[PDB]
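From first to last, the protein sequence lines are chains Y, a, V and i. Following PDB author numbering, the numbering of the first sequence begins with 2 at its first residue and continues without gaps. Following PDB author numbering, the numbering of the second sequence begins with 1 at its first residue and continues without gaps. Following PDB author numbering, the numbering of the third sequence begins with 1 at its first residue and continues without gaps. Following PDB author numbering, the numbering of the fourth sequence begins with 2 at its first residue and continues without gaps.
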Amino acid sequence: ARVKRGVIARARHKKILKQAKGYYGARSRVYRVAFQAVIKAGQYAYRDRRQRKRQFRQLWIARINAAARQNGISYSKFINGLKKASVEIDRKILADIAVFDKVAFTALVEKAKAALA
Amino acid sequence: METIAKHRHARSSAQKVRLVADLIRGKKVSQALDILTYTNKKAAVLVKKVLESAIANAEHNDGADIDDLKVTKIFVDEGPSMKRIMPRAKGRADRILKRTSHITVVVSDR
Amino acid sequence: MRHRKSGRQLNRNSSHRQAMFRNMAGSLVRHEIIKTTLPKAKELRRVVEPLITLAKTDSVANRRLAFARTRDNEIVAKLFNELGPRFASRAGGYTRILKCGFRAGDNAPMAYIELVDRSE
Amino acid sequence: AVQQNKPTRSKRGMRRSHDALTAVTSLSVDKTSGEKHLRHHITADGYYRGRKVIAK
RNA sequence: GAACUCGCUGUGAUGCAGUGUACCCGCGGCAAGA
RNA sequence: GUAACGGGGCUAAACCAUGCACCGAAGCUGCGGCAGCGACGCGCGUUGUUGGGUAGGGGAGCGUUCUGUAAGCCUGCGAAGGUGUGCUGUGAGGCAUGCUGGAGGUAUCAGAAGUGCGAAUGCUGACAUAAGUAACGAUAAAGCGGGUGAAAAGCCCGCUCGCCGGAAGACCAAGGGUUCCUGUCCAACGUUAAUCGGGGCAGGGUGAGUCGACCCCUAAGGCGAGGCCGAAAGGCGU
RNA sequence: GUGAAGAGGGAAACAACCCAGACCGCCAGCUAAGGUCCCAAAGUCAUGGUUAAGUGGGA
RNA sequence: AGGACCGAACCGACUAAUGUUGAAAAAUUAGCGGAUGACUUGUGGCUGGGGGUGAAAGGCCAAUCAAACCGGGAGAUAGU
RNA sequence: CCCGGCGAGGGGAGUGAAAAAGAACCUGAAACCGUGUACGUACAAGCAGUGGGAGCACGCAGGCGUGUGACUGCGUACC
RNA sequence: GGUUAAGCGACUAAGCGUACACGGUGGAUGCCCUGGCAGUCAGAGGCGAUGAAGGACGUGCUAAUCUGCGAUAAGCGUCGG
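Here it is, written out as structure tokens:
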């Protein structure tokens with residue numbers, strides 16, 4: 002029996018083109034271009050799921066450094082003091098506190114100053 | 001009531017007719033006829049008859065008044081091509097597209 | 001360039017231009033009104049109006065000078081018999097140019113050029 | 002002379018940005034007949050500045 | 001092949017790194033590069 | 001073209017030594033999940049350990065067309081196909097559903113393959129790009145009035161102008177095969193428009209004792225009764 | 001040893017150097033090389049010296 | 001008288017430009033050579049593929065020639 | 001019947017279950033070409049994506065969803 | 001409230017990009033079968049000088065082509081259905 006090979010290929014092509022919506026020019030219309038673009042976008046998504054937690058750690062550190070500098074202590078000394086104070090707040094919460102409640106942040110800095118002596 | 005008039009399989013490429021069509025898009029029907037009468041392009045005489053037919057269609061078939069109509073929509077679509085063979089130098093043959101177009105005019109009081 | 005130059009080539013050589021205006025000058029005098037392209041109607045002013053001035057002074061020398069520039073004794077007769085006396089008291093400006101739209105075949109701008117009086 | 006890469010439709014559209022012709026700004030009205038005509042041109046019915054210039 | 005298609009220096013170059021410069025889009029030319 | 005710190009810039013923000021912090025990977029730890037293998041208690045529960053990967057080897061699957069299941073089952077209260085959306089599987093996929101479509105489809109389980117491709121050679125159709133760019137086929141030449149017509153630079157009529165005149169005129173053969181004439185038509189064809197045309201459609205038109213062919217006669221040469229040659233095909237020739 | 005058949009971090013860029021070998025997800029933590037004045041996450045940190053040549057930062 | 005001389009038709013294609021997706025799968029323009037002869041041309045015939053023809057160019061033999069074209073052996077055989 | 005050239009083509013009307021079944025006629029994909037709407041875009045440099053992400057428009061108790069993507073980290077097309 | 005100065009600052013889209021909606025082009029796909037393809041089983045194994053195979057021309061109320069026919073020309077006689 003004869004098997005027409007278009008139908009499965011067409012269905013596979015449609016899926017790629019559906020995933021390439023929003024891309025520029027031929028990358029959103031032409032399968033030969035869309036397929037490579039869709040695959041590459043997956044590689045970046047896999048790559049940038051790791052960079053994401055890197056970039057947010059930079060952001061958390063940068064804000065904690067700024068807020069800590071606002072209270073007369075560098076980021077390096079602030080973290081060291083917090084560890085000596087048995088404080089287990091991570092950078093994500095520290096950046097959340099630094100921006101939303103600067104009074105609670107000063108309490109942490111004062112507590113960090115204490116553990117340093 | 002929007003009224004439509006069409007000129008299908010017009011002997012002109014859509015690129016040339018669009019130059020004229022963009023001149024009257026959104027204009028009042030009275031002003032559109034003036035612009036087309038004094039446009040020195042073959043597409044202007046083609047577009048004129050489509051626009052004049054639409055005005056007549058609105059009057060007779062829809063009852064609309066000529067003093068209210070404006071060209072709400074006008075677009076030119078690519079029509080089927082008639083393919084011709086032209087002999088070139090050294091026995092090479094090129095295919096010439098006798099391109100056609102579809103001219104559509106929509107006039108309404110609103 | 002063409003700083004301060006006069007005359008239009010009109011995509012023709014001198015022999016073709018001179019013949020073409022000689023033909024058209026005769027037609028204008030014959031009918032008193034013709035339809036032609038605006039560039040040609042403007043260049044025709046420089047050919048027909050000088051002829052009408054010759055007609056103001058009727059002499060054998062003038063009629064032979066008008067015949068050399070028109071080569072039509074029919075036109076020469078009308079020049080010195082009708083147009084001459086008609087424009088005797090008019091100092092120049094014997095012709096009028098009226099724009100009348102565009103030619104269908106090539107979209108050339110058209111104009112009527114007529115004699116000022118036309119007995120009307 | 003030959004093109005290294007095909008121009009895209011976006012650049013094609015931009016080149017045509019200046020290909021649109023001009024609309025008729027506005028016409029004048031003949032003093033006698035009142036018909037609309039090109040400025041400084043005689044009317045379709047042979048009128049110009051209130052004078053019947055040509056036959057028909 | 002697809003383009004959102006600058007120069008310089010470096011590196012084994014419209015496309016990498018650094019740096020400089022550059023409002024958007026056509027038209028007629030010149031042919032240094034592609 | 002600074003270009004021989006990555007740059008700014010630095011008298012340390014340079015170099016050496018010591019210390020404590022901190023930053024820093026997909027490494028390690030934390031929490032959730034999946035799988036392979038081995039332990040066990042009963043496919044199921046925990047547990048230990050492993051899980052970069054091309055060629056290649058091994059295991060488990062999905063889908064396409066066709067056959068039996070099938071005189072079954074789904075279906076005009078809408079089949080296949082097309083186009084969206086949602087749910088679902090690690091995935092190849094599957095299901096449901098809106099619009100379109102207007103009559104077929106095929107569960108399950110076995111079986112058979114013209115059974116899975118963006119770039120082997122390519123092949124067929126369609127459509128872009130450059131691009132409304134090049135080009136519009138001899139630089140012998142047109143101007144105007146009138147007519148026709150929806151529309152006239154190009155058709156018709158007229159008057160001027162120009163070109164050929166051992167040809168760009170006239171008459172035939174070869175070849176073509178109705179292109180001839182008239183009426184009518186302008187979709188396509190004509191490198192532009194066209195009312196015009198060697199275009200479309202219809203009708204008409206080719207009259208021979210003397211022209212030509214046929215016919216009689218032969219040239220080169222062809223065929224060739226018998227005949228010579230050759231196993232034959234056939235070769236030669238009166 | 002690296003790659004071929006291994007990504008990640010570092011050396012400005014980097015084929016073969018250094019750290020290290022990616023089952024998946026998390027906007028959690030500690031470190032490796034290498035780093036902490038700005039570009040650019042972290043010391044304009046502490047102590048003792050040296051250099052005046054912008055040596056450092058090709059000779 | 002002349003494989004004589006000058007020179008149109010006619011034949012050729014030495015030269016130069018233009019053309020080179022050309023008007024033309026070799027042409028045009030302006031020069032040039034031959035132009036009563038070993039000239040040129042119409043019509044018909046004959047010579048056929050390792051064969052024909054060749055004043056001789058491995059030229060020509062239907063825009064295909066250091067071995068024509070078509071069909072067949074044949075889906076021949078042959079690589080990164 | 002109407003516009004048009006006693007055209008082409010179209011708009012009505014009518015036929016039919018259906019005319020988006022109208023002869024260029026079942027279904028009508030993709031490339032390709034447009035019109036409309038939303039957002040972005042005229043001081044901004046390179047495989048055009050990816051991570052973060054404002055604003056705008058719309059759809060749903062304050063944020064979420066869909067479209068768009070200013071700015072910013074990373075980023076040597078595929079065979 | 002007014003003026004001046006300083007700072008900051010939206011509203012543009014000639015075009016283009018993305019997304020969606022609606023179209024045009026195009027003729028893929030599905031559905032269809034008076035066509036093919038490969039077999040099995042039989043039949044007949046020839047037609048022609050009583051003019052074959054294959055054609056040309058003609059043949060209608062017929063302008064063309066197809067089928068049939070052959071100056072008796074989409075047919076004639078006869079016997080059956």
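Every residue gets a Cβ at the ideal spot worked out from N, C-alpha and C, and that includes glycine.
DSSP, reduced to helix, strand and coil, places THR100 of chain a outside both helices and strands of the structure shown, so it counts as coil. Judged by pairs of C-beta atoms under 8 Å, the stretch 102 to 113 of chain Y touches the stretch 68 to 77 of chain Y, as three or more such pairs exist. Cβ neighbours of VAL17 of chain a within its own chain (closer than 8 Å, five residues either side excluded): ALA10, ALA43, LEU46, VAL47, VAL76, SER101, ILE103. It is roughly 44 Å from the alpha-carbon of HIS19 of chain i to the alpha-carbon of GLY7 of chain Y. Under the rule that a run must span 4 or more residues, the alpha helix (DSSP H) segments found entirely inside the stretch 15 to 96 of chain V read 38 to 56, 60 to 70, 73 to 78. Of all C-beta pairs linking the stretch 91 to 102 of chain V to the stretch 33 to 53 of chain V, three or more are shorter than 8 Å, placing the two stretches in contact. Each of V:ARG46, V:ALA77, V:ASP72 was checked against the Cα of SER59 of chain V, and the nearest Cα belongs to V:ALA77. Taken atom to atom, the span from the alpha-carbon of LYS28 of chain a to that of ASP46 of chain i is near 25 Å. Residue contact with chain a for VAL25 of chain i: present (Cβ-Cβ distance below 9 Å to some residue of chain a). Cβ atoms of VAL88 of chain Y and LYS114 of chain Y stay farther apart than 8 Å, at about 12 Å. Between the beta-carbon of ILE96 of chain a and that of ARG84 of chain a there is about 5 Å, and that keeps the pair under the 8 Å contact cut.
Per DSSP, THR72 of chain a is one residue of the beta strand (DSSP E) stretching across 70 to 78. When only Cα atoms are considered, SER108 of chain a and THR3 of chain a end up about 6 Å apart. By the Cβ rule, the stretch 91 to 100 of chain Y counts as touching the stretch 54 to 66 of chain Y, because three or more pairs are nearer than 8 Å. Annotation for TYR76 of chain Y: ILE62, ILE65, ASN66, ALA69 place their beta carbon closer than 7 Å to its own, counting only its chain and skipping 5 residues before and after.
Boundaries of the beta strand (DSSP E) around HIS9 of chain a: 3 to 10. Taking C-beta separations shorter than 7 Å and ignoring five residues to either side along the sequence, the partners of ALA58 of chain a in its chain run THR3, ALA64, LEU69, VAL107, following chain order. Nearest to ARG86 of chain V by alpha-carbon distance, out of V:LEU115, V:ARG17, V:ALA19, V:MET24, is V:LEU115. Taking 9 Å as the CB threshold, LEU39 of chain i lines the interface with chain V.
Of all residues in the stretch 2 to 29 of chain i, only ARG17, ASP20, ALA21, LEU22, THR23, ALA24, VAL25, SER27, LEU28 place a beta-carbon less than 9 Å from a beta-carbon of chain a.
Using beta-carbon distances, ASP22 of chain a counts as an interface residue toward chain i, with a partner under 9 Å.
Residue-level contact check: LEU98 of chain V touches chain i, since one or more beta carbons of chain i fall below 9 Å from its beta carbon.
For the pair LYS78 of chain Y and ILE90 of chain Y, the Cα-to-Cα distance works out to about 15 Å. For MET86 of chain a, the enclosing beta strand (DSSP E) stretches over residues 82 to 87.
Nearest CB-CB separation between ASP34 of chain a and chain i: below the 9 Å threshold. Proximity to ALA116 of chain Y across Y:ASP102, Y:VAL100, Y:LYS103, Y:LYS84 peaks at Y:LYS84, based on C-alpha coordinates. At least one beta carbon of chain i lies nearer than 9 Å to the beta carbon of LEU19 of chain a. Counting along the chain, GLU114 of chain V sits inside the beta strand (DSSP E) bounded by residues 109 to 115.
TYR112 of chain V reaches chain i at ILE43, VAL54, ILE55, counting residues in chain order whose Cβ is nearer than 8 Å.
At least one CB of chain i lies nearer than 9 Å to the CB of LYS41 of chain a. When C-beta atoms of the stretch 52 to 68 of chain V are compared with those of the stretch 9 to 28 of chain V, fewer than three pairs fall below 8 Å, so the two segments do not count as touching. With fewer than 16 other Cβ atoms from the protein chains shown falling within 10 Å of its own Cβ, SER11 of chain i counts as exposed. Listed along chain V, no residue sits closer than 7 Å to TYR48 of chain i by beta-carbon distance, the nearest being about 11 Å off.
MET86 of chain a and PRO80 of chain a have their C-alpha atoms spaced approximately 19 Å apart.
Within the same chain, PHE21, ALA25 come within 7 Å of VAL47 of chain V by CB-CB distance, once the 5 residues on both sides are set aside.
Identification of chain i residues near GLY101 of chain V by a Cβ-Cβ cut-off of 7 Å yields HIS42, ordered along the chain.
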